[PDB]
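Raw entry18.cif, mmCIF, C-alpha atoms:
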```
data_structure
#
loop_
_atom_site.label_atom_id
_atom_site.label_comp_id
_atom_site.auth_asym_id
_atom_site.auth_seq_id
_atom_site.Cartn_x
_atom_site.Cartn_y
_atom_site.Cartn_z
CA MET A 1 0.00 0.00 0.00
CA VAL A 2 1.40 3.43 -1.00
CA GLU A 3 0.32 6.14 1.42
CA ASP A 4 -0.36 9.76 0.41
CA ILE A 5 2.26 12.32 1.43
CA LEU A 6 0.21 15.48 2.22
CA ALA A 7 0.23 18.42 4.66
CA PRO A 8 -0.90 22.04 4.69
CA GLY A 9 1.08 24.87 3.10
CA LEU A 10 2.37 22.89 0.12
CA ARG A 11 3.66 24.45 -3.11
CA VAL A 12 2.75 21.41 -5.23
CA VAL A 13 0.89 18.11 -4.86
CA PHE A 14 2.05 15.74 -7.61
CA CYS A 15 -0.57 13.22 -8.67
CA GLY A 16 0.15 10.14 -10.72
CA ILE A 17 -2.29 7.73 -12.31
CA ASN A 18 -1.85 4.74 -9.95
CA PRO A 19 0.99 2.68 -8.36
CA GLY A 20 3.25 0.46 -10.48
CA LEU A 21 4.27 -2.87 -8.88
CA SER A 22 7.53 -1.56 -7.39
CA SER A 23 5.62 1.23 -5.62
CA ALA A 24 2.87 -1.05 -4.30
CA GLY A 25 5.63 -3.41 -3.15
CA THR A 26 7.90 -0.97 -1.36
CA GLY A 27 5.16 1.41 -0.19
CA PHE A 28 6.91 4.46 -1.71
CA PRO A 29 5.67 6.47 -4.74
CA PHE A 30 7.61 6.40 -8.04
CA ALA A 31 9.71 3.49 -6.70
CA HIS A 32 10.65 1.76 -9.97
CA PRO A 33 14.36 2.44 -10.67
CA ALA A 34 13.55 3.63 -14.20
CA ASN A 35 10.96 6.24 -13.19
CA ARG A 36 12.43 9.72 -13.78
CA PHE A 37 10.29 11.51 -11.14
CA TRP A 38 13.01 11.96 -8.47
CA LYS A 39 15.66 13.14 -10.93
CA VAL A 40 13.21 15.45 -12.70
CA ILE A 41 11.88 17.28 -9.62
CA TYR A 42 15.47 17.78 -8.51
CA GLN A 43 16.70 19.31 -11.83
CA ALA A 44 13.51 21.35 -12.12
CA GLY A 45 14.06 23.06 -8.72
CA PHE A 46 11.52 21.47 -6.36
CA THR A 47 14.17 19.70 -4.23
CA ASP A 48 17.81 20.68 -3.73
CA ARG A 49 19.14 17.09 -3.94
CA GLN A 50 17.93 14.00 -5.75
CA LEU A 51 15.76 12.02 -3.30
CA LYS A 52 15.60 8.23 -3.37
CA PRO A 53 12.14 6.61 -3.24
CA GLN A 54 12.57 5.62 0.44
CA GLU A 55 13.06 9.29 1.29
CA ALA A 56 9.66 10.18 -0.22
CA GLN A 57 8.28 11.51 3.13
CA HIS A 58 11.10 14.13 3.01
CA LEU A 59 9.34 15.77 0.05
CA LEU A 60 7.37 17.59 2.81
CA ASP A 61 10.61 19.35 3.77
CA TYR A 62 10.51 20.94 0.31
CA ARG A 63 6.80 21.70 0.71
CA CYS A 64 5.70 19.16 -1.94
CA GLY A 65 3.27 16.26 -1.65
CA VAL A 66 2.23 13.14 -3.56
CA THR A 67 -1.05 11.32 -4.16
CA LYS A 68 -2.60 9.27 -7.02
CA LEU A 69 -5.82 9.18 -8.97
CA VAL A 70 -6.44 5.39 -8.66
CA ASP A 71 -5.38 3.10 -5.81
CA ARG A 72 -5.21 -0.22 -7.74
CA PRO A 73 -1.60 -1.24 -8.61
CA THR A 74 -0.83 -2.44 -12.16
CA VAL A 75 2.32 -3.21 -14.21
CA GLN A 76 1.50 -0.39 -16.66
CA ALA A 77 -0.69 2.71 -16.06
CA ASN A 78 -2.61 2.06 -19.30
CA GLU A 79 -4.17 -0.94 -17.54
CA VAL A 80 -6.31 1.47 -15.51
CA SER A 81 -9.78 2.03 -16.97
CA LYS A 82 -11.28 5.39 -17.87
CA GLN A 83 -14.10 4.67 -15.41
CA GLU A 84 -11.56 4.21 -12.62
CA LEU A 85 -9.92 7.49 -13.56
CA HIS A 86 -13.27 9.22 -13.20
CA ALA A 87 -14.21 7.92 -9.74
CA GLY A 88 -10.75 9.00 -8.64
CA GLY A 89 -11.42 12.57 -9.74
CA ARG A 90 -14.05 13.25 -7.07
CA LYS A 91 -11.88 12.03 -4.17
CA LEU A 92 -8.92 14.02 -5.59
CA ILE A 93 -10.97 17.22 -5.65
CA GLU A 94 -11.96 16.66 -2.00
CA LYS A 95 -8.27 16.12 -1.02
CA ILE A 96 -7.08 19.30 -2.75
CA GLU A 97 -9.97 21.27 -1.19
CA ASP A 98 -8.75 19.93 2.17
CA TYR A 99 -4.97 20.47 1.88
CA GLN A 100 -5.11 23.55 -0.37
CA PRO A 101 -1.65 23.43 -2.03
CA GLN A 102 -0.66 26.25 -4.39
CA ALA A 103 -0.88 23.81 -7.28
CA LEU A 104 -1.93 20.29 -8.32
CA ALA A 105 0.23 18.68 -11.00
CA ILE A 106 -1.50 15.81 -12.83
CA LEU A 107 1.13 13.58 -14.44
CA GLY A 108 -0.45 12.57 -17.75
CA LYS A 109 -2.93 14.16 -20.14
CA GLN A 110 -5.23 11.13 -20.21
CA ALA A 111 -5.30 11.02 -16.40
CA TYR A 112 -6.39 14.68 -16.32
CA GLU A 113 -8.99 14.29 -19.06
CA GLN A 114 -10.67 11.28 -17.55
CA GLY A 115 -10.43 12.32 -13.92
CA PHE A 116 -11.76 15.80 -14.54
CA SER A 117 -14.13 15.09 -17.46
CA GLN A 118 -12.19 17.37 -19.80
CA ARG A 119 -11.33 16.82 -23.48
CA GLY A 120 -8.64 18.15 -25.81
CA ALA A 121 -6.47 19.45 -22.99
CA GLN A 122 -3.17 21.23 -23.65
CA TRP A 123 0.00 20.55 -21.62
CA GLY A 124 0.92 23.02 -18.93
CA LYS A 125 -1.22 25.32 -16.88
CA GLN A 126 -5.01 24.90 -17.21
CA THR A 127 -7.67 27.56 -16.68
CA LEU A 128 -9.52 25.12 -14.37
CA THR A 129 -8.71 25.35 -10.64
CA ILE A 130 -9.83 23.65 -7.41
CA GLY A 131 -10.53 26.72 -5.31
CA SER A 132 -7.30 28.74 -5.23
CA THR A 133 -5.27 25.67 -6.30
CA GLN A 134 -3.91 25.92 -9.87
CA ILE A 135 -4.06 22.84 -12.09
CA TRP A 136 -1.09 21.84 -14.29
CA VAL A 137 -0.83 18.91 -16.71
CA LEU A 138 2.70 17.47 -16.85
CA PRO A 139 4.12 14.52 -18.81
CA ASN A 140 4.37 11.21 -16.94
CA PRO A 141 7.94 10.47 -15.78
CA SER A 142 7.82 6.65 -15.85
CA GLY A 143 10.65 5.03 -17.84
CA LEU A 144 7.91 3.69 -20.07
CA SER A 145 6.86 7.17 -21.27
CA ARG A 146 8.43 8.24 -24.58
CA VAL A 147 9.27 11.74 -23.28
CA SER A 148 12.99 12.52 -22.93
CA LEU A 149 14.44 13.58 -19.55
CA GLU A 150 15.12 16.98 -21.14
CA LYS A 151 11.47 17.65 -22.05
CA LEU A 152 10.37 16.38 -18.63
CA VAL A 153 12.73 18.80 -16.84
CA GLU A 154 11.59 21.70 -19.04
CA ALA A 155 7.91 21.05 -18.35
CA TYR A 156 8.33 20.63 -14.58
CA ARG A 157 10.66 23.63 -14.31
CA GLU A 158 7.96 25.80 -15.88
CA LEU A 159 5.77 25.00 -12.85
CA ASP A 160 8.56 25.48 -10.29
CA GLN A 161 9.27 28.93 -11.76
CA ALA A 162 5.57 29.87 -11.91
CA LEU A 163 5.20 29.44 -8.14
CA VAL A 164 7.43 32.23 -6.78
CA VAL A 165 9.61 32.06 -3.62
#
```
Let me see the file written as structure tokens.
Amino acid sequence: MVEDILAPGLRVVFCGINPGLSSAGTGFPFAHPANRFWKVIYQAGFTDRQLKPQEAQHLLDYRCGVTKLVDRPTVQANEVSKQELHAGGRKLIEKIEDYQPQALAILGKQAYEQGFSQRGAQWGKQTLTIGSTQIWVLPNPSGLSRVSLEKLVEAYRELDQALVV
């Protein structure tokens, strides 16, 4: 079971689709060795050192949190159904309304579209918000995504720079 890492006063709450097997197995988010999440948030400015999956709770030190749209673990994210994505959207909205971070970063266009009942979304900052929380759509960092580390870092850095101080 992979627990949420949330608290008040956060800059960003990163939300993935669901847990891969490594994550479900270790209990830490983005635990597969090939997932670029930890390296990306470091190069993009969210953390000042590259955290290892077991140090996930320490993301709070950098005022960042982690959650997921769907709880069910799967080998690949694409194994999650669109109906699952949607039921996850309601609980996610309640969580963000509770914790009130400056921004919610959904990792994956499909995840955003299904969870929030949106269509033809563009990458980056959306006009939709959850209260004062901004909504950003970022590329998924799993090693299975065809996005290069460079594009990943560029996209995440845009968010880091948008949230001043």
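With all atoms listed in the file as the atoms that count, the minimum distance from residue A:124 to the choices A:139, A:33, A:8, A:19 is reached by A:139.
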Per residue of stretch 3-24 of chain A within 9 Å of stretch 99-111 of chain A, record the nearest atom pair and its distance in Å to one decimal, counting only C-alpha atoms, with rows in chain order and ascending residue number, as CSV.
```
residue,atom,partner,partner_atom,distance
A:6,CA,A:99,CA,7.2
A:7,CA,A:99,CA,6.2
A:8,CA,A:99,CA,5.2
A:9,CA,A:101,CA,6.0
A:10,CA,A:101,CA,4.6
A:11,CA,A:102,CA,4.9
A:12,CA,A:103,CA,4.8
A:13,CA,A:104,CA,5.0
A:14,CA,A:105,CA,4.8
A:15,CA,A:106,CA,5.0
A:16,CA,A:107,CA,5.2
A:17,CA,A:111,CA,6.1
```
What do you get, as a ChimeraX atom specification, if you spell out every residue that the PyMOL selection byres ((chain A and resi 92) around 9) selects here? /A:15,67-69,88-91,93-97,115
Could you give me, as a ChimeraX atom specification, the residues within 10 Å of residue A:45, counting only C-alpha atoms and dropping anything in the same chain fewer than 5 positions from it? /A:40,62,153,156-161
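Distance-wise, atom CA of residue A:142 and atom CA of residue A:47 end up 18.6 Å apart.
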Residues within 12 Å of residue A:26, please, as a ChimeraX atom specification. Count all atoms listed in the file; anything in the same chain fewer than 4 positions from it doesn't count. /A:1-3,19-22,30-33,53-56,73
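Using all atoms listed in the file, the shortest contact distance between residue A:48 and any of A:63, A:119, A:82, A:72 is found at A:63.
One distance worth recording is that between atom CA of residue A:28 and atom CA of residue A:136, which is 22.9 Å.
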Please enclose the listed atoms of stretch 9-27 of chain A in an axis-aligned box, pad each side by 8 Å, and write out the centre and the three edge lengths in Å, rounded to one decimal, as AutoDock Vina command-line options.
```
--center_x 2.8 --center_y 10.7 --center_z -4.6 --size_x 26.2 --size_y 44.3 --size_z 31.4
```
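Using all atoms listed in the file, the nearest neighbour of residue A:140 within the list A:57, A:23, A:76, A:43 is A:76.
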Rounded to one decimal in Å, what is the spacing between atom CA of residue A:79 and atom CA of residue A:113? 16.0 Å
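The nearest approach to residue A:35 among the residues A:165, A:150, A:118, A:144, with all atoms listed in the file taken into account, belongs to A:144.
Using all atoms listed in the file, the shortest contact distance between residue A:148 and any of A:70, A:60, A:36, A:120 is found at A:36.
With all atoms listed in the file as the atoms that count, the residue of A:133, A:61, A:155, A:163 with the shortest distance to residue A:44 is A:155.
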Would you fill the gaps in stretch 65-85 of chain A so it has N, CA, C and O atoms, then print it as a PDB file, in the frame of the given file?
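part.pdb, freshly written:
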```
ATOM      1  N   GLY A  65       3.987  17.444  -2.063  1.00  0.00           N
ATOM      2  CA  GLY A  65       3.270  16.260  -1.650  1.00  0.00           C
ATOM      3  C   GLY A  65       3.021  15.341  -2.837  1.00  0.00           C
ATOM      4  O   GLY A  65       3.254  15.729  -4.007  1.00  0.00           O
ATOM      5  N   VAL A  66       2.520  14.144  -2.544  1.00  0.00           N
ATOM      6  CA  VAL A  66       2.230  13.140  -3.560  1.00  0.00           C
ATOM      7  C   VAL A  66       0.951  12.378  -3.245  1.00  0.00           C
ATOM      8  O   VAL A  66       0.669  12.055  -2.095  1.00  0.00           O
ATOM      9  N   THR A  67       0.167  12.117  -4.281  1.00  0.00           N
ATOM     10  CA  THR A  67      -1.050  11.320  -4.160  1.00  0.00           C
ATOM     11  C   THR A  67      -1.228  10.605  -5.533  1.00  0.00           C
ATOM     12  O   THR A  67      -0.303  10.595  -6.358  1.00  0.00           O
ATOM     13  N   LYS A  68      -2.367   9.966  -5.760  1.00  0.00           N
ATOM     14  CA  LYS A  68      -2.600   9.270  -7.020  1.00  0.00           C
ATOM     15  C   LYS A  68      -4.080   9.292  -7.298  1.00  0.00           C
ATOM     16  O   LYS A  68      -4.890   9.385  -6.384  1.00  0.00           O
ATOM     17  N   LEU A  69      -4.426   9.157  -8.560  1.00  0.00           N
ATOM     18  CA  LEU A  69      -5.820   9.180  -8.970  1.00  0.00           C
ATOM     19  C   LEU A  69      -6.564   7.867  -8.670  1.00  0.00           C
ATOM     20  O   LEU A  69      -7.725   7.895  -8.227  1.00  0.00           O
ATOM     21  N   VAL A  70      -5.880   6.736  -8.861  1.00  0.00           N
ATOM     22  CA  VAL A  70      -6.440   5.390  -8.660  1.00  0.00           C
ATOM     23  C   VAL A  70      -5.538   4.589  -7.722  1.00  0.00           C
ATOM     24  O   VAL A  70      -4.317   4.573  -7.893  1.00  0.00           O
ATOM     25  N   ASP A  71      -6.140   3.880  -6.773  1.00  0.00           N
ATOM     26  CA  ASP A  71      -5.380   3.100  -5.810  1.00  0.00           C
ATOM     27  C   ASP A  71      -4.839   1.749  -6.304  1.00  0.00           C
ATOM     28  O   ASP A  71      -3.756   1.331  -5.889  1.00  0.00           O
ATOM     29  N   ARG A  72      -5.583   1.087  -7.189  1.00  0.00           N
ATOM     30  CA  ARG A  72      -5.210  -0.220  -7.740  1.00  0.00           C
ATOM     31  C   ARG A  72      -3.869  -0.281  -8.474  1.00  0.00           C
ATOM     32  O   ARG A  72      -3.671   0.421  -9.464  1.00  0.00           O
ATOM     33  N   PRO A  73      -2.916  -1.099  -7.976  1.00  0.00           N
ATOM     34  CA  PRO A  73      -1.600  -1.240  -8.610  1.00  0.00           C
ATOM     35  C   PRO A  73      -1.720  -2.057  -9.882  1.00  0.00           C
ATOM     36  O   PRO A  73      -2.568  -2.959  -9.964  1.00  0.00           O
ATOM     37  N   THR A  74      -0.865  -1.756 -10.859  1.00  0.00           N
ATOM     38  CA  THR A  74      -0.830  -2.440 -12.160  1.00  0.00           C
ATOM     39  C   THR A  74       0.588  -2.325 -12.723  1.00  0.00           C
ATOM     40  O   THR A  74       1.317  -1.386 -12.379  1.00  0.00           O
ATOM     41  N   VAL A  75       0.984  -3.256 -13.594  1.00  0.00           N
ATOM     42  CA  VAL A  75       2.320  -3.210 -14.210  1.00  0.00           C
ATOM     43  C   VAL A  75       2.504  -1.942 -15.060  1.00  0.00           C
ATOM     44  O   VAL A  75       3.560  -1.306 -15.024  1.00  0.00           O
ATOM     45  N   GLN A  76       1.470  -1.579 -15.811  1.00  0.00           N
ATOM     46  CA  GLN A  76       1.500  -0.390 -16.660  1.00  0.00           C
ATOM     47  C   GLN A  76       0.285   0.476 -16.302  1.00  0.00           C
ATOM     48  O   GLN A  76      -0.771  -0.052 -15.932  1.00  0.00           O
ATOM     49  N   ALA A  77       0.417   1.796 -16.410  1.00  0.00           N
ATOM     50  CA  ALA A  77      -0.690   2.710 -16.060  1.00  0.00           C
ATOM     51  C   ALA A  77      -1.881   2.532 -16.991  1.00  0.00           C
ATOM     52  O   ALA A  77      -3.032   2.599 -16.555  1.00  0.00           O
ATOM     53  N   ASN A  78      -1.590   2.265 -18.263  1.00  0.00           N
ATOM     54  CA  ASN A  78      -2.610   2.060 -19.300  1.00  0.00           C
ATOM     55  C   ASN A  78      -3.574   0.919 -18.999  1.00  0.00           C
ATOM     56  O   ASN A  78      -4.529   0.704 -19.740  1.00  0.00           O
ATOM     57  N   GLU A  79      -3.310   0.172 -17.932  1.00  0.00           N
ATOM     58  CA  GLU A  79      -4.170  -0.940 -17.540  1.00  0.00           C
ATOM     59  C   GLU A  79      -5.325  -0.443 -16.672  1.00  0.00           C
ATOM     60  O   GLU A  79      -6.226  -1.206 -16.316  1.00  0.00           O
ATOM     61  N   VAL A  80      -5.280   0.842 -16.325  1.00  0.00           N
ATOM     62  CA  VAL A  80      -6.310   1.470 -15.510  1.00  0.00           C
ATOM     63  C   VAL A  80      -7.421   1.945 -16.456  1.00  0.00           C
ATOM     64  O   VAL A  80      -7.144   2.570 -17.485  1.00  0.00           O
ATOM     65  N   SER A  81      -8.667   1.639 -16.115  1.00  0.00           N
ATOM     66  CA  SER A  81      -9.780   2.030 -16.970  1.00  0.00           C
ATOM     67  C   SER A  81     -10.197   3.481 -16.791  1.00  0.00           C
ATOM     68  O   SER A  81     -10.024   4.079 -15.718  1.00  0.00           O
ATOM     69  N   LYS A  82     -10.804   4.021 -17.845  1.00  0.00           N
ATOM     70  CA  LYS A  82     -11.280   5.390 -17.870  1.00  0.00           C
ATOM     71  C   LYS A  82     -12.347   5.632 -16.798  1.00  0.00           C
ATOM     72  O   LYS A  82     -12.476   6.747 -16.276  1.00  0.00           O
ATOM     73  N   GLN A  83     -13.063   4.573 -16.428  1.00  0.00           N
ATOM     74  CA  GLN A  83     -14.100   4.670 -15.410  1.00  0.00           C
ATOM     75  C   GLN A  83     -13.473   4.789 -14.032  1.00  0.00           C
ATOM     76  O   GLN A  83     -14.049   5.401 -13.120  1.00  0.00           O
ATOM     77  N   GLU A  84     -12.302   4.170 -13.880  1.00  0.00           N
ATOM     78  CA  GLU A  84     -11.560   4.210 -12.620  1.00  0.00           C
ATOM     79  C   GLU A  84     -11.002   5.616 -12.451  1.00  0.00           C
ATOM     80  O   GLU A  84     -11.029   6.185 -11.356  1.00  0.00           O
ATOM     81  N   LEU A  85     -10.495   6.160 -13.552  1.00  0.00           N
ATOM     82  CA  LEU A  85      -9.920   7.490 -13.560  1.00  0.00           C
ATOM     83  C   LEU A  85     -10.972   8.497 -13.096  1.00  0.00           C
ATOM     84  O   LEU A  85     -10.701   9.350 -12.246  1.00  0.00           O
TER      85      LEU A  85
END
```
